[PDB]
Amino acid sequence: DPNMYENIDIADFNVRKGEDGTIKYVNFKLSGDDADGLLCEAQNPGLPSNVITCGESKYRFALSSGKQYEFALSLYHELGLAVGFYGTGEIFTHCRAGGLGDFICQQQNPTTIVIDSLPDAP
């Protein structure tokens, strides 16, 4: 963690929720050591979602419920190694009306999530 890691910048994180609370769509732009404003997106991802690949890249993500904020992101980067980079962070969102009952919950400030080759802290 302190020495071998990758800073992932998340921007424009956006989630559309139905009146249901079901996730209709999730969208964000990822920047890292090998990405600049890479689109990560999913329609009907589930909560928690499966691991989803960003475009054609070696970056992937999963969406889950946070503990401080509503949404948490898990991020993955395949390195061509037997181990990969992984990390999780919560993203503050402000929710607005999305039309016909929907919510659109939107990140207000870019945030950084650190990923590395260690698993989750206990």
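Start at 1 and count along the sequence shown; that's the residue number.
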ask   = Which wins on mean Cα temperature factor, 92 to 100 or 65 to 73?
value = 65 to 73
request  = Sort the modelled residues of this chain by their C-alpha B factor and say whether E41 lands in the lowest, middle or highest third.
outcome  = lowest
task = State the tercile, meaning the lowest, middle or highest third, of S117 with respect to the CA B-factors recorded for its chain.
result = middle
request  = Could you look up the Cα B-factor of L81 in the entry and say which third of the chain it sits in: lowest, middle or highest?
outcome  = middle
